[PDB]
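Novice: Sequence and experimental coordinates follow.
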Amino acid sequence: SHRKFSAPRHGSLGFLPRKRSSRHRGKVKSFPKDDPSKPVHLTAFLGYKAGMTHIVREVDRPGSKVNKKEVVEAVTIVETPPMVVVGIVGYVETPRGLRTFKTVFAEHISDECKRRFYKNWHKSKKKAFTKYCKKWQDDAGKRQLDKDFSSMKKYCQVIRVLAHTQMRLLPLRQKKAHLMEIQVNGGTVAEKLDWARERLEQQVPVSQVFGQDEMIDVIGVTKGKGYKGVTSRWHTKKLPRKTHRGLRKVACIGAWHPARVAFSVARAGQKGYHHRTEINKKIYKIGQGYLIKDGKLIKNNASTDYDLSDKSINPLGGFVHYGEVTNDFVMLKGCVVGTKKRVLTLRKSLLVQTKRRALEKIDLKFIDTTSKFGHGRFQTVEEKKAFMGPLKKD
Amino acid sequence: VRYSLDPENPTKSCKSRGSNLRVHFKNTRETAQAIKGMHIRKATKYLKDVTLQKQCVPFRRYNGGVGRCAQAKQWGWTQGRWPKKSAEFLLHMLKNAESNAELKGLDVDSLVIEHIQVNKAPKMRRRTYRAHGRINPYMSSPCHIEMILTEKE
Amino acid sequence: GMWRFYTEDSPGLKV
Amino acid sequence: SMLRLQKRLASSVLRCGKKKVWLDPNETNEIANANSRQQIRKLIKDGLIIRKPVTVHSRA
RNA sequence: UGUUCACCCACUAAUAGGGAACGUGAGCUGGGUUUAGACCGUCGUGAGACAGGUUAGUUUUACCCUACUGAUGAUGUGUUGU
RNA sequence: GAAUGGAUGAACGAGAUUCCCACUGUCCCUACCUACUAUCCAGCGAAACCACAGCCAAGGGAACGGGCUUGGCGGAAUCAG
RNA sequence: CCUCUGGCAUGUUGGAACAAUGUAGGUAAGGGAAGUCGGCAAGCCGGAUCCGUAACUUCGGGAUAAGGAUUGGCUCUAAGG
RNA sequence: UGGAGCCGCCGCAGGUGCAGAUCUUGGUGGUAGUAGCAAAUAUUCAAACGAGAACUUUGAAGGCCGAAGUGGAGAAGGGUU
Ligand SMILES: [Mg+2]
Ligand SMILES: [Mg+2]
Ligand SMILES: [Mg+2]
Ligand SMILES: [Mg+2]
Ligand SMILES: [Mg+2]
Ligand SMILES: [Mg+2]
Ligand SMILES: [Mg+2]
Ligand SMILES: [Mg+2]
Ligand SMILES: [Mg+2]
Ligand SMILES: [Mg+2]
Ligand SMILES: [Mg+2]
Ligand SMILES: [Mg+2]
Ligand SMILES: [Mg+2]
Ligand SMILES: [Mg+2]
Ligand SMILES: [Mg+2]
Ligand SMILES: [Mg+2]
Ligand SMILES: [Mg+2]
Ligand SMILES: [Mg+2]
Ligand SMILES: [Mg+2]
Ligand SMILES: [Mg+2]
Ligand SMILES: [Mg+2]
Ligand SMILES: [Mg+2]
Ligand SMILES: [Mg+2]
Ligand SMILES: [Mg+2]
Ligand SMILES: [Mg+2]
Ligand SMILES: [Mg+2]
Ligand SMILES: [Mg+2]
Ligand SMILES: [Mg+2]
């Protein structure tokens, strides 16, 4: 018989094999369509989820009840120290797909990057790209290099730069810097390639990719939760108290007579550590890192035009389970995928953004900087020292 | 006695067996496959590693429910265990064949474990008392081991 | 042998 | 080595529990060849086996 | 109401209809049917009967194979990593 | 329907109902914690069950096939469920 | 419930983990039986002293009815041989 | 391989030929190194013996039974424990 009282089914099939993702670094499954017209640029970046916090802002959507009313708002800090371009890699269209065609690597490559290429660095002699870099200083090699670049000019269509992180500049344990292919979207391929050939071995900061009040897509791996039962992993009803063989289950897997259990039926398995591409996360603040002209410039982070203090986005006692954000960072609206410390791919949108909400200009009023390691009540240490007065530790 | 598979050159091939040993036939079999073909000094090392869990014995044939372990990747296998009694029972046997080489007058650290073979031995039986007054068997499955080393270097 | 069912259970009851 | 007998006899001689029997762990072997009581009574007098005091339960 | 069914109240965009061994008891539950204990009515001389009412009444087993869920791996590419 | 006992009835009942107050994770709606398990390991080590076996759709067929026909197809050995 | 006298080695094993399902305990915002055949299960209540106690009744009961208040520590006073 | 009896022909004689009987007696697998060795809070350090110690013994500590006892004595029953 039919099921009596209808109800929409639990969980989406558009997300499954609900298995542990192969990758850790979230792949960009599609870069935006390079119109050939606008100038060249990078489409993606690779940051790190340092931590959350508040903002306060005046909102300007006329019509709303909240028009010209200061709301608060959660935000993620994605610490994003500049990447280093160490390669380009040409692709060519085929009817089979999109074959990689030619990879030209830079001359010098950091041990940050070289780390990646060995499973055990302690034990290696660190001999990678050793016979490669010989090419970059002779007649023969330099000529072959030029012919490779020329061939890419003749044949290739898509060009991706290879860059990698500056694992050096982070509070993370790891030294093995994440590489990633990032796509150069812009003018003609010959122009496109000579841009990336100029950028080779060079820094690239965040502000060169992204701008403020820009919708971007966060790509990463979800905070993993191990083996989980069907009630956790699918949000199935619990069965009642009296159930004899347990109650965090599904009762009827399936009907008798497709005499197999279907792929659509809810089963217990891996919950979390899935790959996920959340879209439309507006950049409220691209924040300038600590720098030196005479003394430190720690202010330039979490100070606003209306606050004017001497904060950084770092709260008291740091971001928890992370560190100090001593580098440039972006500040997205809302939560994003994954854990603290997780490497996170940003990506420019796939989509022509023209909604009132997606063109809204964000002027921040106040960044909360109170500790997250307990219930914080002081924004800065100087404020605390004022409020408390002197302590026995003096 | 007659061993299965008599040696090629008896001159330089010491022997051993140990009959009717309380060691799990199945565990003893897998660790005897592992050891087979080794140079006797490697074999001994390998069994003392198995004793302390620095190396495993991959359970290939008799692998039903036997757990995975990273140590098995050395062997090209997913299963693997650290059967201690089996290693203690064919570290004694190795000791004896090494004894007899020394007696025979062979170079002891040229000896390869050329042949080793775990047979089932007649079973013991003691009982286990079960629900609703049923009485089921609770039987050991002991094993005859025997082996042959040979001068190869 | 194994108990299985009670005398007054008589498993597959179809009166 | 093994002194469960010597603790029993000791206890019975002392007329205490065998909680209260204390055998000197340094001088074990001497106790080991005590087998009889009166051998044990000797070791009682020599101070190798001793009655422990009562566990104090203050009424205060 | 054990109900299927039914009806009523309320909300709603709408409160359409069915199938899958009248889907689904090693998924539950066991209220109801449908053992044995008992009561009542009608019937029977009686033992007993009653798609007539009532109340009390043991819901076993998965470690096999498959299927599904997730988990190591597999052949290939000389090996290995990207 | 009147000792096949009728009508009653305080006290009593691990007896059968219905409502109200309180109280609650019974529920909306699920969540977190603890211990013993299950898990992996050393040692030890049973049983039921077993024609052969074990991926499907449809067909016909003793009128609901694992095996047959026609199609889809098929990749060692395993682990927890 | 904790202790001395006396008695034991955790009930036929150990180690490492802390997943899902369980078994046995707990706790839960707002609502409070909307859950379910059914308040099943758990929760409320609980001792004592002082008040206060209905209908009904076989006048014995109902009755700890219900419903209220108080309770510690310390330093004193008075009353009982 | 084995180590002491055995066959051809003509007649006679029969407890004379097995795949099945939920057949009988004996043996052996797969299941499987799987289920399992989870009731009643608890172990730790050093030493001794010893081929060998998670488990013996001694000492030290931490715990429990908590006099309706896991203590001290019998009855019945066992029969040398
Ligand atoms: Mg429907
Ligand atoms: Mg039940
Ligand atoms: Mg916090
Ligand atoms: Mg039993
Ligand atoms: Mg019995
Ligand atoms: Mg049905
Ligand atoms: Mg079923
Ligand atoms: Mg059932
Ligand atoms: Mg019933
Ligand atoms: Mg009946
Ligand atoms: Mg298991
Ligand atoms: Mg009448
Ligand atoms: Mg009359
Ligand atoms: Mg009558
Ligand atoms: Mg069949
Ligand atoms: Mg215990
Ligand atoms: Mg123990
Ligand atoms: Mg016991
Ligand atoms: Mg609540
Ligand atoms: Mg309902
Ligand atoms: Mg209801
Ligand atoms: Mg109850
Ligand atoms: Mg009353
Ligand atoms: Mg003879
Ligand atoms: Mg005869
Ligand atoms: Mg036969
Ligand atoms: Mg096991
Ligand atoms: Mg006694």
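Specialist: Received, thanks. Numbers count the residues shown, from 1 in each chain, chains lettered A, B, ... in the order given. Ligands and ions are numbered 1, 2, ... in the order given.
Novice: Pick out the residue of chain C closest to RNA strand E.
Specialist: Residue nearest to RNA strand E within chain C: residue C:6 (3.5 Å; C-beta to the nearest atom of the strand). To be clear about C-beta, it is placed using only N, CA and C from the backbone, and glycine gets the same treatment.
Novice: which residues in the chain form helices?
Specialist: You didn't say which chain, so I picked chain A. Secondary structure of chain A by DSSP state H: the helices cover A:111-116, A:130-133, A:139-155, A:189-198, A:206-209, A:230-233, A:381-388.
Novice: You answered for a different chain; I wanted chain B.
Specialist: Going by DSSP H, chain B shows helices at B:25-35, B:40-52, B:84-104.
Novice: Need the residue closest to the centroid of the chain.
Specialist: All of this refers to chain A. residue A:344 (2.4 Å; C-alpha atoms, centre = their mean).
Novice: you looked at the wrong chain, it should be chain B
Specialist: For chain B, residue B:32 is the residue whose C-alpha lies nearest the centre (C-alpha atoms, centre = their mean; 3.4 Å).
Novice: can I assume it is in contact with residue B:145?
Specialist: Yes. Contact criterion C-beta atoms under 8 Å: residue B:32 and residue B:145 qualify, at 6.9 Å.
Novice: Find residues that contact each of these two.
Specialist: Residues within reach of residue B:32 and of residue B:145 at once, by C-beta atoms under 8 Å, 6 or more residues apart in numbering or on different chains, are B:90, B:116-118.
Novice: near RNA strand F, which residues of chain B?
Specialist: Selection of chain B residues close to RNA strand F by C-beta under 7 Å from any atom of the strand yields B:22-24, B:27, B:53, B:60, B:63-69, B:78-79, B:81-86, B:124, B:128, B:136-141.
Novice: Now restrict the residues you listed to buried residues only.
Specialist: Neighbour-count burial (16 or more other C-beta atoms under 10 Å in any protein chain shown) applied to those gives B:23-24, B:27, B:60, B:63, B:66, B:69, B:78-79, B:81-83, B:86, B:141.
Novice: so which of these are also by RNA strand E?
Specialist: Among these, RNA strand E is touched by residue B:78 when using C-beta under 7 Å from any atom of the strand.
Novice: Tell me the one of the buried ones among the residues of chain B next to RNA strand F nearest residue A:121?
Specialist: Proximity of those to residue A:121 was ranked by C-beta to C-beta; the top entry is residue B:69 with 25.3 Å.
Novice: what's the spacing between residue A:85 and residue B:15?
Specialist: For residue A:85, the distance to residue B:15 equals 69 Å [C-beta to C-beta, to the nearest Å].
Novice: ditto for residue A:241
Specialist: In terms of C-beta to C-beta, residue A:241 sits 69 Å off from residue B:15.
Novice: for residue B:2, same thing?
Specialist: 11 Å.
Novice: These two: who's more crowded?
Specialist: residue B:15 (19 against 4; other C-beta atoms under 10 Å in any protein chain shown).
Novice: Strands along chain B, start to end?
Specialist: B:15-21, B:111-120, B:126-130, B:134-138, B:143-151 (DSSP state E).
Novice: right, so those: which one is the most enclosed?
Specialist: Among the strands of chain B, strand B:143-151 has the highest mean neighbour count (mean count of other C-beta atoms under 10 Å in any protein chain shown), at a mean of 23.
Novice: Just give the nearest non-adjacent residue to residue A:55, would you?
Specialist: Spatially, and ignoring its direct neighbours in sequence, residue A:55 is nearest to residue A:73 (4.7 Å; C-beta to C-beta, 6 or more residues apart in numbering or on different chains).
Novice: neighbours around the one you found, how many?
Specialist: Residue A:73: 16 neighbours (other C-beta under 10 Å).
Novice: OK, contacts around it?
Specialist: Applying C-beta under 8 Å, 6+ apart to residue A:73 gives the contacts A:54-57, A:284, A:333-334.
Novice: Put together a markdown table for those residues, with distance to RNA strand F and neighbour count on each row.
Specialist: Formatted as a markdown table, the contacts of residue A:73 follow (distance: C-beta to the nearest atom of the strand, whole Å; neighbours: other C-beta atoms under 10 Å in any protein chain shown):
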| residue | distance to RNA strand F | neighbour count |
| --- | --- | --- |
| A:54 | 24 | 14 |
| A:55 | 28 | 21 |
| A:56 | 30 | 16 |
| A:57 | 31 | 20 |
| A:284 | 30 | 22 |
| A:333 | 26 | 20 |
| A:334 | 22 | 15 |
